[PDB]
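A.B. asks: Right, I'll just put the structure down here and ask away after.
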Amino acid sequence: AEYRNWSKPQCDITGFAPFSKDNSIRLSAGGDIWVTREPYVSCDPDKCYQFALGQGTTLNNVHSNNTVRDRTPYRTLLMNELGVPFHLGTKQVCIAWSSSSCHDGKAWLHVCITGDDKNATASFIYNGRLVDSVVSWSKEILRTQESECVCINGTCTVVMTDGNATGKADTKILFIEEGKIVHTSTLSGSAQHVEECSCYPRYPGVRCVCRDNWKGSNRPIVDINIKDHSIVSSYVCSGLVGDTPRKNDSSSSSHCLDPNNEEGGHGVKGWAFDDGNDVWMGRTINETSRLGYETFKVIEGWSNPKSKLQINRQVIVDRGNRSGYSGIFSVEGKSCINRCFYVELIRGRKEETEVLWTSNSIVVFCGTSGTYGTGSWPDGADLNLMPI
Amino acid sequence: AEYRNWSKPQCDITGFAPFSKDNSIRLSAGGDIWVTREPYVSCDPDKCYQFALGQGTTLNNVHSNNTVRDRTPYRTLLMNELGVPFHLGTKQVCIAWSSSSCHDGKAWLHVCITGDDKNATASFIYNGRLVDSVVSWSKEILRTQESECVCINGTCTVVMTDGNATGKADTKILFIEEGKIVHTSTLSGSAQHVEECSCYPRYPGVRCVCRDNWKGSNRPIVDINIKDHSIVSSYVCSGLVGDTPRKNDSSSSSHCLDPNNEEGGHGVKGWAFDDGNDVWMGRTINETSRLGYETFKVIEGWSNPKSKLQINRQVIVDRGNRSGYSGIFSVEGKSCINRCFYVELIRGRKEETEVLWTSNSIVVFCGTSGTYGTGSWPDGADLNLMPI
Amino acid sequence: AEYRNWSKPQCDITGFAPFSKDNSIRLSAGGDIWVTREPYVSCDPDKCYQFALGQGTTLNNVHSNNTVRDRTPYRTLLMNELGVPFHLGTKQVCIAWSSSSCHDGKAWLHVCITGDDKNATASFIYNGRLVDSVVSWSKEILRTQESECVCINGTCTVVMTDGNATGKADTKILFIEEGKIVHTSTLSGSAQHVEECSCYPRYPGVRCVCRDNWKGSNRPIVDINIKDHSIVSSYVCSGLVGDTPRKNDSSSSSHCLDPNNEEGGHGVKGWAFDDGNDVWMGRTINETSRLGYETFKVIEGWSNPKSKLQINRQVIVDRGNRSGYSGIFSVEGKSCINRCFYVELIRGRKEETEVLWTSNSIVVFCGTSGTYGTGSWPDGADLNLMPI
Amino acid sequence: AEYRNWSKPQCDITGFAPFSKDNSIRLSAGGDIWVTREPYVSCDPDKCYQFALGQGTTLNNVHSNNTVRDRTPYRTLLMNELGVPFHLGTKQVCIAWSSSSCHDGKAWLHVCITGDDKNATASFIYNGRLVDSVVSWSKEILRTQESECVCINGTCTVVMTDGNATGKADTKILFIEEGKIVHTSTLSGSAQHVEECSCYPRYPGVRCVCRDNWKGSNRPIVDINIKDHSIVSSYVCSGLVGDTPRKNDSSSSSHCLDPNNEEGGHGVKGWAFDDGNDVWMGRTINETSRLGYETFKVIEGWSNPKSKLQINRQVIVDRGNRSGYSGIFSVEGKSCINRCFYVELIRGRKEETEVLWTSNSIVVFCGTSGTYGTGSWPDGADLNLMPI
Amino acid sequence: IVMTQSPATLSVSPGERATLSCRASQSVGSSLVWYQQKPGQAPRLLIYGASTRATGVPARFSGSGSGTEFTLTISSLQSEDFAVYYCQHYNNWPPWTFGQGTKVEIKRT
Amino acid sequence: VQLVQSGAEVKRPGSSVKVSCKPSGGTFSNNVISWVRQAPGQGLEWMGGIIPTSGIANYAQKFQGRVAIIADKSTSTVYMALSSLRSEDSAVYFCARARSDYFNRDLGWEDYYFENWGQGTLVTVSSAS
Ligand SMILES: *[C@@H]1O[C@H](CO)[C@@H](O[C@@H]2O[C@H](CO)[C@@H](O[C@@H]3O[C@H](CO[C@H]4O[C@H](CO[C@H]5O[C@H](CO)[C@@H](O)[C@H](O)[C@@H]5O)[C@@H](O)[C@H](O[C@H]5O[C@H](CO)[C@@H](O)[C@H](O)[C@@H]5O)[C@@H]4O)[C@@H](O)[C@H](O[C@H]4O[C@H](CO)[C@@H](O)[C@H](O)[C@@H]4O[C@H]4O[C@H](CO)[C@@H](O)[C@H](O)[C@@H]4O)[C@@H]3O)[C@H](O)[C@H]2NC(C)=O)[C@H](O)[C@H]1NC(C)=O
Ligand SMILES: *[C@@H]1O[C@H](CO)[C@@H](O[C@@H]2O[C@H](CO)[C@@H](O)[C@H](O)[C@H]2NC(C)=O)[C@H](O)[C@H]1NC(C)=O
Ligand SMILES: *[C@@H]1O[C@H](CO)[C@@H](O[C@@H]2O[C@H](CO)[C@@H](O)[C@H](O)[C@H]2NC(C)=O)[C@H](O)[C@H]1NC(C)=O
Ligand SMILES: *[C@@H]1O[C@H](CO)[C@@H](O[C@@H]2O[C@H](CO)[C@@H](O)[C@H](O)[C@H]2NC(C)=O)[C@H](O)[C@H]1NC(C)=O
Ligand SMILES: *[C@@H]1O[C@H](CO)[C@@H](O[C@@H]2O[C@H](CO)[C@@H](O)[C@H](O)[C@H]2NC(C)=O)[C@H](O)[C@H]1NC(C)=O
Ligand SMILES: *[C@@H]1O[C@H](CO)[C@@H](O[C@@H]2O[C@H](CO)[C@@H](O)[C@H](O)[C@H]2NC(C)=O)[C@H](O)[C@H]1NC(C)=O
Ligand SMILES: [Ca+2]
Ligand SMILES: [Ca+2]
Ligand SMILES: [Ca+2]
Ligand SMILES: [Ca+2]
Ligand SMILES: [Ca+2]
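Chains as they are written, first to last, in the authors' numbering: chain F, 82 to 469; chain E, 82 to 469; chain G, 82 to 469; chain H, 82 to 469; chain B, 2 to 110; chain C, 2 to 130.
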């Protein structure tokens, strides 16, 4: 088996077709299903896998109480084939309250962060064994992508941040070969706050669209050179901005270099990708909370910060239903690299008080060059009826 | 692995021997088992798999209420090895309220339809990735076979219909190569309404025996040329007709070209195959409802529309027990292609009001050149005793 | 892979060492476990598998009531790796209220009997597909070994009986090649009644020690020639007899050709094998009921019907604990063929009225040339405490 | 496949990074999870596996009462991939109330002890079949490592003891080739009591750090020559001693040849390894009971018995949380052999009377040459809330 | 299995306690019926298991025993109760042997 | 459920005799129908029985070959045929319904005892005309 190089051109995309849904909160009401959050999808050369951070508990369980907490010693990275829900036969691949995973074409890399907020460890697990580790450099919640890392020619890149949630933080890009950290680049360019990057191969490099938790409701871009380890960063130009919170489309604006300073503080993990000068992006339908989910193309939205010309809108989750994080993952096809995304469908606490737990389902969509229709694919659980 | 070509002769069939039963409603009463309907069987070159459309819920679950509804965003295609019941470790392979699957000799193709009734999407998933999609052409429930598609030399054919349930509809045959739609043929010949085709390789072509939901209690035939994509259609000649509803055996009649106009409206998915001029076919034992299941051969029943000369009758499900859909699947043997069928055993709503859910078991029979006896293999669950 | 030939010598046996226990009834008190009876063990060249006939129900289930009956349409052959208990992910490999399975070195053969008492079908399933079937020849419960069949050079032999199991009128030996019945020999020699054979390779032939339900408390032997299909039969000479019921050791007697006519009616499935002129055999410790289990060697007990000289006794299940069926299976080692056995540990109805169900666990022991101690390994479930 | 030889140098270790955690007691409160104790980890060349001795019961089960008892006929060795918890699909690999397992590079060896206290049998299971067995030599609980055995060039070594718990006992080292006992060496050297060895490859030999249950709170070392079967034994020199009970660090002392006679009686399974003249070791944080867990390096602690100079302390389990047994396992990396350890996290009886059962979780840590932070990773279950 | 029954005839006065014995040649466990036959008629089941009366059988008919020895006791014979009585084993396996029967007959001056 | 039998019979040695049994209610259930005879002034003797639904019958060794039990759902009747009669076979023949309703391959018959009997059929046999 060879290393992945992703050197095929990006597929023609007219929009996205439905690919997978787990129904895990609906199954939890009559079944032993893991409490999770921060899911993502990553594929080996044959199959796609769903990942999530477990809460060390099933949903119909006394330990499901207070699972709104994001960092505990009991969180583990769950890994299944995509579409197999997280039942009790699920493999916990590492101890993690923050993670990233990717397959280099030969084996899985998991980047697993756990331990104290002020002194966390990242473990690098490759081909089933711990190969490396690094301590928290800024002593203030070391954290990573909560989505797939990207490997080209056996070098995997992961974006990690340590420091302030709503202020200046230290972001580094780690270059990892068979689980060994071979290089570490500091974030360079004009992105001022960089969390929870959604990264894609864009051969020869990796491109990441991230969360600005401080100043931008426009999303940071990080461009990662795999050969010389050089880093560039900026913001997604489109006047239709991808973060939550944000201003409405009639009043929102953006900058190609700077955070827009419009509802800049806080954010959500999300994604975008270039299609020449256009951008494909997903976002919540609501501007102020993680309700609904939509994708669209913005014409000139990768190059022109004044552009608000959208086309090819799809509702993924209608505006009355909860979404959550979302991220890109890339799938190699016969002649081109396809872009796919997942949406976390968060249920329970803080926002829903019918239950004591917080958990998620997933829905997954893949880019199509074909035609597609309409729908909404929400979580679908009735929290009034099921285990409290 | 090579592509399947199915170019062996059809096996000698004296009747059918018992092959598999899932007991899934009986297991649901003390176990986390998926609510399902519209099952089917398809085999890779080594193993057979059971498929069904899940209802995004287990049976002993608050979400199993109102699962009589056939189209919801939560329906997914479940896939297991045949005889493994649909427990919580089951893979959901795609989002689907209508589907077809087949193995081309290298990989699985799943054809997965979901979304709005008036604007559905069919996704084409091959070797674990979304390769293609098509929108609803007539904007009135795009739907497909609810049984295996058929692949010869790496071209898979699936029959899809959009338009009126009880009136004229638009049927197309899609030719699919490694998940890419390479051709689309409109239905040609004298079949006036074509739903839920049961298709089998009949090298060099594919033959489908289908449901007429409008005019026939005789079943449509669609003959599909794999090389030049040409389509022919007609009806199963035998005076003993395969659909439900139908007239009784003394008063029923049939036509080789036309629907018979006898209890023509509505139908059930079923199957038949030619054996020279004879036809092997399955049907419900009751003429007016999906009760019991029988197979028999009709002498000259493929060629002569006046023939009512049956032989080799087998009860599969006795007339007091519920059946449901049924379909053919083909298994490659050492020297010949065998024909096998499955029967859906539907339990619960609308017909049984002991429970709030609708779900099915399966029973599976394979063609034998040997000898066989008698029996009845119904669902076997006691809905008076088990979860409501 | 090659076909098995079993042509290595039989291993030196000093007795038997513990190999496997499933604890199925203990696990069923807190988890979804299949109701079973008539277990057996058979191995492919790498791994051993446990088999049992399911009752189409889990134990903590309303359908577990009245599971005393040995024939129902819902019985299926369950197959797991040995030591994996029968949980809801277990494969039902065929419809069966009587079965035999074996691996020929390339693939599994399952012989699966179901249908009406008067008109049963045996299905022959090889490498995952139905290859053959035969109807009941004497119209009175067609039945087979309830233990492993034996294959030499790709010809598998299974002993099948119909009627009241009288000799040539009723018992046949089927020779099966890749699932196809190639030959059928009628039972010949002096064994008058032959049921539930426990068979082992004894190259070049197969040897079977069986149950006599009419005349013998001594066990019938069937010797099967694999090359010329010839059959011979007789009884285990040993004055210490292997059946239940039987006379006590001081008053029991035996015959090398004939049934002994001592407590001859009824029986239990059991096993014996030759070790030169000696016999190794298992039996219940109680003479009149299936309580306890013991193995021992009888010196000259294969050749001399007056011999009662036992040595190397081992208690497997102490005399106060329920046993059930037992059978041999053979395991190919580096330089010799080892002999192993399983004991069915039957719990519940009719003998135990604390519960409504009947089910079993297993314990498995393998021949050792080394040394061993003492113990008892009973079922271990407390039927006073667990689901009724 | 080739045999393992472990002929790489030991990795540079700065300390240990988190690797795996099972959360099995937290999952037991809403899920069918096995009751276990005496876990360990061992890896094949690709994957790590968790092992434990089951109690023939799940936790939420009537049979989980009185599971403080360590030897019963129902105990079996459970085997899963590391991070898959012990759910009902878990393979019981053998009957065992004491065990050791290892992979020789071609196949698994399980050493499985069961039967009467005064007359136990050790079964040797290799590549899925029983190859050998030995009886109790001293008739007083034959017992083995409760952790991985070690194989070099296809010879596996296991340390086995029979005789007094708190007095003189007979220890032997068995040399096993493809499951056959080829040699047996008596324990030579100055170790006066040797239980529950934690062994590691230290090419060309095997080194074991063990429990002295009689005279030492310092730990015995057994050095095993693989070529000439010769045995040497002594004690870990460090004045910081690894057993529980022990004296506090200010008052404890040690001897390189003899047991220290300080709190010598009783013990816990634990581990240590040399790093030149230094020792890496784990121990409970409490000196008298199995509370907390810590690792550290003692400078000159392998060679100098007066040394109490520790560095590189890590809390694994904070001092208020229960630990249990711990053991080493070795993982082959690209250029070096890494050392990893597991900690058993015992919950319930005798010490916790909120529940009737005794069971464990696991946490697993691997040696790192990189940097790491701080944390505590305890069991995390609330025994006040969950099934009694 | 052989069923032995005693006495071959029992003489009893009207309004007096009768006792009848059946013995098997092996353990029949608790599987032993008692039948009553009046000479002009087919037998009537009285007892099954070895103690439960059949439907409508008067409470004065009482059965006991297990393994190999069994008894039917009739508390106080009415004119209704002077009859032949048969034991039969219903062990799980054929044949189903009967006792040779006990005649219960009236005692007078 | 009442049981009703065919009328009395009188036969030469070496001949064959037919006796039949019908219920008062619906056509025959799964409960075993069995044939017991009483030899003149002597004990009862079971000779065979049939599960009427599955049509499997079994017999005592004393009658094996010369007796047959047959069931027919349409005439709602069980028929007992006996052949090569002699003085020994002069007896009363009873139809009887067992509590037993199933035969287990392994375990045999549960509750094989007779809940209902027919009125009896006399069969008379002599060498004399
Ligand atoms: C144990 O298991 C086995 C296998 O499962 C069971 O055997 C199977 O039994 C079923 C019974 O339903 C059979 O199917 C039925 O077949 C008949 C047709 O076959 C009969 O008639 C044939 C035609 O006879 C005429 O013509 C020939 C010349 O060709 C002349 O010689 C004749 O004299 C006649 O003029 C005839 O050829 C057949 O003979 C063959 O088979 C028998 C064994 O059955 C052999 O002895 C022969 O040697 C020869 O090989 C045969 O006699 C159909 O009529 C059946 O359909 C009707 O009945 C159904 C219910 O049974 C009903 O649902 C249908 O609606 C249909 O009824 C309609 O037609 C009737 C007249 O045709 C009307 O009366 C009726 O009112 C209505 O209008 C059915 O298809 C299987 O073939 C048979 N399988 C095998 C492999 O043998 C067996 O029963 C089981 N045993 C037990 C004890 O459980
Ligand atoms: C996160 O923000 C805090 C708050 O401003 C930073 O802490 C300050 O750091 C400067 C420079 O060392 C000091 O002069 C201040 O006294 C600090 N303030 C407080 C309240 O501690 C912190 O450095 C930022 N973190 C990162 C990683 O940049
Ligand atoms: C289902 O039936 C309706 C009729 O009720 C079809 O409507 C057709 O619409 C077109 C465009 O206006 C007309 O040219 C046709 O004449 C209409 N048909 C009839 C019979 O009136 C509808 O298209 C049907 N669906 C499909 C897919 O054929
Ligand atoms: C089979 O079908 C025919 C047609 O439906 C039935 O014939 C009818 O019989 C009923 C009385 O039973 C009459 O009311 C009708 O006038 C008849 N119609 C014709 C056209 O003859 C026949 O009864 C059916 N047979 C069975 C057994 O159901
Ligand atoms: C365990 O301890 C017991 C008790 O001290 C030992 O038993 C003694 O063995 C010696 C030597 O054979 C005898 O002289 C004593 O009479 C024995 N005493 C008893 C109470 O039996 C035993 O040998 C020790 N060894 C082991 C291996 O357990
Ligand atoms: C099993 O059934 C067979 C078949 O009826 C019985 O054998 C027959 O017995 C009678 C009397 O000896 C003979 O007239 C027949 O010729 C026999 N037939 C055959 C084919 O042998 C047999 O006795 C029965 N045995 C049991 C124990 O039920
Ligand atoms: Ca923001
Ligand atoms: Ca129709
Ligand atoms: Ca449950
Ligand atoms: Ca017997
Ligand atoms: Ca100690």
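A virtual CB, placed ideally from N, CA and C, is assigned to each residue, including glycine.
1) Under DSSP, the beta strand (DSSP E) around residue 63 (chain C) begins and ends at which residues?
2) Is DSSP giving residue 310 (chain F) helix, strand or coil here?
3) Using beta carbons (cut-off 7 Å, strictly below), is residue 221 (chain G) in contact with chain C?
4) Would the beta-carbon of residue 275 (chain E) fall within 7 Å of that of residue 299 (chain E)?
5) Where does residue 10 (chain C) fall in DSSP's three states?
6) Just curious, the beta strand (DSSP E) that residue 114 (chain E) is in, first and last residue?
7) Could you give the residue range of the alpha helix (DSSP H) that holds residue 197 (chain G)?
8) According to the neighbour-count rule (16 or more other Cβ atoms, all chains shown, within 10 Å of its Cβ), is residue 226 (chain F) buried or exposed?
9) Measure the Cβ-Cβ separation of residue 169 (chain F) and residue 336 (chain H) and say whether it is below 7 Å.
10) Is the shortest distance between the beta-carbon of residue 241 (chain H) and the beta-carbons of chain F less than 7 Å?
11) Just the Cα atoms here: how many angstroms apart are residue 194 (chain G) and residue 431 (chain F)?
12) Would you report the Cα separation of residue 418 (chain F) and residue 257 (chain E), rounded to the nearest angstrom?
13) Taking residue 107 (chain F) as the reference, which of F:428, F:375 and F:82 has the closest Cα?
14) Please list, in chain order, all residues of the same chain as residue 89 (chain E) whose beta carbon is under 7 Å from its beta carbon, the five residues on each side excluded.
15) Closest to residue 124 (chain E) by CA distance: which of E:161, E:98 and E:424 is it?
16) Just to confirm the assignment, what range does the beta strand (DSSP E) spanning residue 297 (chain H) have?
17) Compute the minimum distance between the beta carbon of residue 250 (chain G) and the heavy atoms of ligand 6, and state whether it is under 6 Å.
18) Pull up the CB-CB distance for residue 348 (chain G) and residue 324 (chain G), whole angstroms please, since I reckon it's below 8 Å.
19) Express the C-alpha separation of residue 181 (chain G) and residue 228 (chain G) in angstroms, rounding to a whole number.
C.D. replies: Considering the structure as presented:
1) Indexing the sixth sequence from 1 puts residue 63 (chain C) at position 62. Per DSSP, residue 63 (chain C) belongs to no beta strand (DSSP E) and is neither H nor E.
2) Taking the first sequence and counting its residues from 1, the one referred to as residue 310 (chain F) is at position 229. Correct three-state label for residue 310 (chain F): coil.
3) Within the third sequence, residue 221 (chain G) is the residue found at index 140, counting from 1. By this cut-off, residue 221 (chain G) is an interface position.
4) The count along the second sequence starts at 1 and reaches residue 275 (chain E) at position 194. The count along the second sequence starts at 1 and reaches residue 299 (chain E) at position 218. It is not a contact, given that the beta carbons lie outside the stated cut-off.
5) Locating residue 10 (chain C) in the sixth sequence gives position 9, where the first residue counts as 1. It is a strand residue.
6) By one-based count along the second sequence, residue 114 (chain E) stands at place 33. Careful: residue 114 (chain E) lies outside any beta strand (DSSP E) and carries neither H nor E.
7) Residue mapping note: residue 197 (chain G) aligns to position 116 of the third sequence, counting from 1. It is not in any alpha helix (DSSP H) - residue 197 (chain G) instead sits in the beta strand (DSSP E) that spans 189 to 197.
8) The count along the first sequence starts at 1 and reaches residue 226 (chain F) at position 145. Buried is the call here.
9) For the purposes of this step, residue 169 (chain F) is taken as residue 88 along the first sequence, with counting starting at 1. For the purposes of this step, residue 336 (chain H) is taken as residue 255 along the fourth sequence, with counting starting at 1. No, these two residues do not count as a Cβ contact at 7 Å.
10) Within the fourth sequence, the letter at position 160 stands for residue 241 (chain H). By this cut-off, residue 241 (chain H) is not an interface position.
11) Here residue 194 (chain G) refers to the residue found at position 113 when the third sequence is read from its first residue. Here residue 431 (chain F) refers to the residue found at position 350 when the first sequence is read from its first residue. Looking at the two C-alpha atoms, the distance is approximately 57 Å.
12) Sequence index remark: in the first sequence, residue 418 (chain F) carries index 337 (1-based). Sequence index remark: in the second sequence, residue 257 (chain E) carries index 176 (1-based). Taking the straight line joining both Cα atoms gives about 20 Å.
13) Here the question's residue 107 (chain F) lines up with position 26 in the first sequence. When only C-alpha atoms are compared, the closest one is F:428.
14) To locate residue 89 (chain E), count along the second sequence from 1; it is residue 8. Cβ within range, chain order: 413, 416, 417 and 418.
15) Residue mapping note: residue 124 (chain E) aligns to position 43 of the second sequence, counting from 1. That would be E:161, whose Cα lies nearest to the Cα of residue 124 (chain E).
16) For the purposes of this step, residue 297 (chain H) is taken as residue 216 along the fourth sequence, with counting starting at 1. That residue, residue 297 (chain H), is in no beta strand (DSSP E); it is neither H nor E in DSSP.
17) Translated into positions along the third sequence, residue 250 (chain G) becomes position 169. Yes, ligand 6 has a heavy atom inside 6 Å of this Cβ.
18) Here residue 348 (chain G) refers to the residue found at position 267 when the third sequence is read from its first residue. Here residue 324 (chain G) refers to the residue found at position 243 when the third sequence is read from its first residue. Confirmed, about 5 Å.
19) Residue 228 (chain G) sits at position 147 when you count from the first residue of the third sequence. Residue 181 (chain G) sits at position 100 when you count from the first residue of the third sequence. Roughly 5 Å between the two C-alpha positions.
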